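A single chain comes next, written as structure tokens; it is the form deposited in one PDB entry.
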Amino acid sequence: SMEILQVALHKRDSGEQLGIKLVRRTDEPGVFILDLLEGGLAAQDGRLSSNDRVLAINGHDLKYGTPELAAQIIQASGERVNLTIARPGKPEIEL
């Protein structure tokens, strides 16, 4: 299964970073979050997580995106930044 969630953040100046690490993988399409930076915008919000997939930013489609593209969108963004995420696969397992 997977969970779709929407995160809204707010930059406090045009030039603020979100505090997010984005990567691509050679094995499946899309951009993913690798980790959040300590004390950053994304961490404080407390809603994004490692291995989340970014499906969209500001209604722009990134399901087949690159990390350059997402940066482009966020560096151009106004002060509000809405993320649409896919979170994959069971956080508790006994094995």
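Position 1 is the first residue in the sequence shown; the rest follow in order.
Same protein, other form: the form solved in complex with a partner chain, not shown, and the subject of what follows.
- Contact check for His10: every heavy atom lies farther than 4.5 Å from its partner chain in the entry with it bound.
- Taking non-hydrogen atoms only, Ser14 never approaches its partner chain to within 4.5 angstroms in the entry with it bound.
- Contact between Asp61 and its partner chain in the entry with it bound is not found at the 4.5 Å heavy atom cutoff.
- The closest heavy atom approach of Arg80 to its partner chain in the entry with it bound falls outside 4.5 Å.
- Within 4.5 Å of its partner chain in the entry with it bound, a heavy atom is found for not a single one of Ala43, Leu48 and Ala86.
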